[PDB]
Amino acid sequence: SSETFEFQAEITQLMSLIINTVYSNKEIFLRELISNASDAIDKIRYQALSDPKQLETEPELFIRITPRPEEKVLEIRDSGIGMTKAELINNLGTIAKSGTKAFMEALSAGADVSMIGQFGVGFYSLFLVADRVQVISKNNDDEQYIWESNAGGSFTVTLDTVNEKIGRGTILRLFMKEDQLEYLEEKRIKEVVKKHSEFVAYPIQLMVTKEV
């Protein structure tokens with residue numbers, strides 16, 4: 001039962017810019033998504049300072065990267081606070097737009113795309129390497145929902161009936177661009193993550209398939 005929503009115009013403008021740009025350093029998306037994951041875990045830990053039972057839906061705090069090469073998909077999972085249906089709509093598509101236009105103005109002047117996180121919109125850097133994204137999220141106060149965008153003017157939010165029901169947190173499922181499948185490889189993922197993983201407080205887990 002998917003509902004369709006319109007992006008704020010400025011968010012559409014930013015996504016079109018990023019999904020089309022020939023910017024050289026596409027690997028920065030991993031730092032930005034890991035940073036957002038870490039912030040989401042910070043939030044649930046902080047909420048749990050005064051309400052420890054909020055952690056019980058998923059007591060392990062982790063960031064997990066799962067390449068799914070047959071589907072040409074990269075998943076970035078956190079056990080952070082998660083987003084409700086209302087938050088997915090609000091935070092990702094229909095307002096979220098203040099740092100958005102300031103960052104585009106900075107880009108026009110020559111700022112590097114790598115500054116995107118300092119404008120608070122690093123999430124949209126995923127479009128450097130992905131044509132489409134599903135954000136699968138479970139907040140303690142709502143059911144699990146799927147937000148899906150292909151960088152158009154519209155996105156959908158759907159009650160999740162197809163993915164694993166996670167305890168708590170968010171999966172960013174990246175449908176990788178055909179020319180960006182290097183980020184599905186263990187060696188490449190490790191190289192990139194180690195450039196900025198030193199001070200991430202939570203374990204960054206790489207799901208690797210070993211043939212016995």
# chains A, B, ... in the order shown; residues from 1 in each chain; ligands from 1
>>> residues_around(residues="region 22-27 of chain A", least_positions_apart="3", cutoff="9 Å", atoms="only C-alpha atoms", output="ChimeraX atom specification")
/A:18-19,30-31,112-114,125-126,128-129,180,183,192
>>> write_last_selection(atoms="C-alpha atoms", output="mmCIF file, in the first residue's frame")
data_model
loop_
_atom_site.group_PDB
_atom_site.id
_atom_site.type_symbol
_atom_site.label_atom_id
_atom_site.label_comp_id
_atom_site.auth_asym_id
_atom_site.auth_seq_id
_atom_site.Cartn_x
_atom_site.Cartn_y
_atom_site.Cartn_z
ATOM 1 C CA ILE A 18 24.509 14.697 -7.193
ATOM 2 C CA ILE A 19 23.117 11.793 -9.245
ATOM 3 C CA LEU A 30 30.617 5.848 2.757
ATOM 4 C CA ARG A 31 32.042 8.307 5.296
ATOM 5 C CA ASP A 112 33.979 20.486 -2.792
ATOM 6 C CA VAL A 113 31.178 17.906 -2.735
ATOM 7 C CA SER A 114 32.979 16.439 0.270
ATOM 8 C CA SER A 125 25.697 11.764 -1.207
ATOM 9 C CA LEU A 126 24.473 8.187 -1.737
ATOM 10 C CA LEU A 128 27.076 9.585 -6.186
ATOM 11 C CA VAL A 129 27.172 5.774 -6.419
ATOM 12 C CA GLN A 180 30.233 1.812 -9.254
ATOM 13 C CA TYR A 183 32.014 -0.697 -3.641
ATOM 14 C CA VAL A 192 37.580 3.420 1.955
#
>>> residues_around(residues="region 132-148 of chain A", least_positions_apart="3", cutoff="7 Å", atoms="only C-alpha atoms", output="MDAnalysis selection string")
chainID A and resid 81:85 88 155:160 165:166 168:175
>>> write_last_selection(atoms="C-alpha atoms", output="JSON list (two decimals), in the first residue's frame")
[["chain", "number", "residue", "atom", "x", "y", "z"],
["A", 81, "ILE", "CA", 17.11, 5.15, 16.93],
["A", 82, "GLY", "CA", 15.31, 4.47, 13.63],
["A", 83, "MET", "CA", 12.67, 6.60, 11.94],
["A", 84, "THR", "CA", 8.88, 6.50, 12.12],
["A", 85, "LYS", "CA", 6.73, 6.80, 9.01],
["A", 88, "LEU", "CA", 10.83, 9.31, 7.02],
["A", 155, "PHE", "CA", 9.26, 9.30, -3.30],
["A", 156, "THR", "CA", 7.14, 6.53, -1.82],
["A", 157, "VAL", "CA", 6.61, 5.26, 1.72],
["A", 158, "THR", "CA", 5.29, 1.71, 2.13],
["A", 159, "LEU", "CA", 4.51, -0.45, 5.14],
["A", 160, "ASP", "CA", 7.24, -3.08, 5.04],
["A", 165, "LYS", "CA", 11.68, -7.13, 10.55],
["A", 166, "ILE", "CA", 14.70, -5.70, 12.37],
["A", 168, "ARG", "CA", 15.51, -1.31, 15.71],
["A", 169, "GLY", "CA", 17.42, 0.98, 13.39],
["A", 170, "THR", "CA", 17.78, 1.72, 9.69],
["A", 171, "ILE", "CA", 18.99, -0.04, 6.56],
["A", 172, "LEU", "CA", 20.13, 2.07, 3.64],
["A", 173, "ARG", "CA", 19.79, -0.30, 0.66],
["A", 174, "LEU", "CA", 21.78, 1.22, -2.22],
["A", 175, "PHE", "CA", 21.00, 0.01, -5.74]]
>>> closest_residue(among="A:115, A:176, A:109, A:41", to="residue 200 (chain A)", atoms="only C-alpha atoms")
A:41
>>> closest_atom_pairs(of="region 2-66 of chain A", to="region 118-122 of chain A", cutoff="8 Å", atoms="only C-alpha atoms", output="Markdown table")
| residue | atom | partner | partner_atom | distance |
| --- | --- | --- | --- | --- |
| A:29 | CA | A:122 | CA | 7.6 |
| A:32 | CA | A:122 | CA | 5.3 |
| A:33 | CA | A:122 | CA | 7.1 |
| A:36 | CA | A:122 | CA | 7.8 |
>>> write_last_selection(atoms="N, CA, C and O atoms", output="mmCIF file, in the first residue's frame")
data_model
loop_
_atom_site.group_PDB
_atom_site.id
_atom_site.type_symbol
_atom_site.label_atom_id
_atom_site.label_comp_id
_atom_site.auth_asym_id
_atom_site.auth_seq_id
_atom_site.Cartn_x
_atom_site.Cartn_y
_atom_site.Cartn_z
ATOM 1 N N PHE A 29 30.785 8.944 -0.054
ATOM 2 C CA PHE A 29 29.442 8.596 0.413
ATOM 3 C C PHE A 29 29.511 7.683 1.622
ATOM 4 O O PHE A 29 28.660 7.769 2.512
ATOM 5 N N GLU A 32 30.017 9.593 4.832
ATOM 6 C CA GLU A 32 28.825 10.340 5.226
ATOM 7 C C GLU A 32 27.746 9.423 5.782
ATOM 8 O O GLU A 32 27.021 9.803 6.706
ATOM 9 N N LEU A 33 27.571 8.243 5.184
ATOM 10 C CA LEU A 33 26.528 7.334 5.651
ATOM 11 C C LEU A 33 26.917 6.693 6.981
ATOM 12 O O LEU A 33 26.064 6.487 7.853
ATOM 13 N N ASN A 36 26.230 9.378 9.533
ATOM 14 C CA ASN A 36 24.806 9.430 9.875
ATOM 15 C C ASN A 36 24.392 8.238 10.729
ATOM 16 O O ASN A 36 23.572 8.381 11.648
#
>>> select_by_dssp(residues="region 5-200 of chain A", states="helix (DSSP H, G or I)", output="PyMOL selection string")
chain A and resi 9-20+28-49+52-57+69-71+85-94+98-109+113-119+122-128+178-184+186-194
>>> residues_around(residues="residue 11 (chain A)", least_positions_apart="6", cutoff="9 Å", atoms="only C-alpha atoms", output="PyMOL selection string")
chain A and resi 92-97+100-101+124+151+153
>>> atom_distance(atom1="CA of residue 127 (chain A)", atom2="CA of residue 62 (chain A)")
23.6 Å
>>> select_by_dssp(residues="chain A", states="strand (DSSP E)", output="ChimeraX atom specification")
/A:3-6,63-68,73-78,130-138,145-149,154-159,169-176,204-206
>>> decode(residues="region 35-56 of chain A", atoms="N, CA and C atoms", output="short mmCIF file (atom, residue, chain, number, x, y, z; two decimals), in the first residue's frame")
data_model
loop_
_atom_site.label_atom_id
_atom_site.label_comp_id
_atom_site.auth_asym_id
_atom_site.auth_seq_id
_atom_site.Cartn_x
_atom_site.Cartn_y
_atom_site.Cartn_z
N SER A 35 28.84 8.22 9.17
CA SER A 35 28.62 9.32 10.11
C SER A 35 27.15 9.44 10.51
N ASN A 36 26.23 9.38 9.53
CA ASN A 36 24.81 9.43 9.87
C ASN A 36 24.39 8.24 10.73
N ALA A 37 24.91 7.05 10.41
CA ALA A 37 24.63 5.87 11.22
C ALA A 37 25.09 6.07 12.66
N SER A 38 26.32 6.57 12.82
CA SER A 38 26.86 6.81 14.16
C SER A 38 25.99 7.81 14.94
N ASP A 39 25.56 8.89 14.28
CA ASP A 39 24.67 9.84 14.95
C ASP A 39 23.38 9.17 15.40
N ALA A 40 22.83 8.28 14.57
CA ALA A 40 21.57 7.63 14.93
C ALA A 40 21.75 6.74 16.15
N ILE A 41 22.91 6.08 16.27
CA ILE A 41 23.20 5.29 17.46
C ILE A 41 23.41 6.19 18.67
N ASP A 42 24.11 7.32 18.48
CA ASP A 42 24.23 8.29 19.57
C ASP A 42 22.87 8.63 20.15
N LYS A 43 21.88 8.82 19.27
CA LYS A 43 20.56 9.27 19.69
C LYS A 43 19.86 8.25 20.57
N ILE A 44 19.89 6.97 20.18
CA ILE A 44 19.18 5.97 20.97
C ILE A 44 19.90 5.75 22.30
N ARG A 45 21.23 5.81 22.29
CA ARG A 45 21.96 5.68 23.55
C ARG A 45 21.62 6.83 24.49
N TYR A 46 21.51 8.03 23.94
CA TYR A 46 21.18 9.18 24.77
C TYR A 46 19.75 9.09 25.29
N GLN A 47 18.80 8.72 24.43
CA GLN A 47 17.44 8.51 24.92
C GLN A 47 17.44 7.49 26.04
N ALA A 48 18.24 6.43 25.89
CA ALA A 48 18.22 5.35 26.88
C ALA A 48 18.86 5.74 28.20
N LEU A 49 19.57 6.88 28.28
CA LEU A 49 20.10 7.33 29.56
C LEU A 49 18.98 7.47 30.59
N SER A 50 17.81 7.94 30.16
CA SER A 50 16.67 8.14 31.04
C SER A 50 15.56 7.12 30.80
N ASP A 51 15.80 6.12 29.96
CA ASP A 51 14.76 5.16 29.61
C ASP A 51 15.46 3.93 29.05
N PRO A 52 16.16 3.17 29.90
CA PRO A 52 17.03 2.10 29.39
C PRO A 52 16.29 1.04 28.60
N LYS A 53 14.99 0.84 28.85
CA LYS A 53 14.26 -0.18 28.11
C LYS A 53 14.21 0.11 26.62
N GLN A 54 14.46 1.36 26.20
CA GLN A 54 14.44 1.66 24.78
C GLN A 54 15.54 0.91 24.02
N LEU A 55 16.60 0.50 24.70
CA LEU A 55 17.65 -0.26 24.03
C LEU A 55 17.28 -1.72 23.82
N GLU A 56 16.25 -2.20 24.52
CA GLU A 56 16.00 -3.64 24.57
C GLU A 56 15.49 -4.20 23.25
#
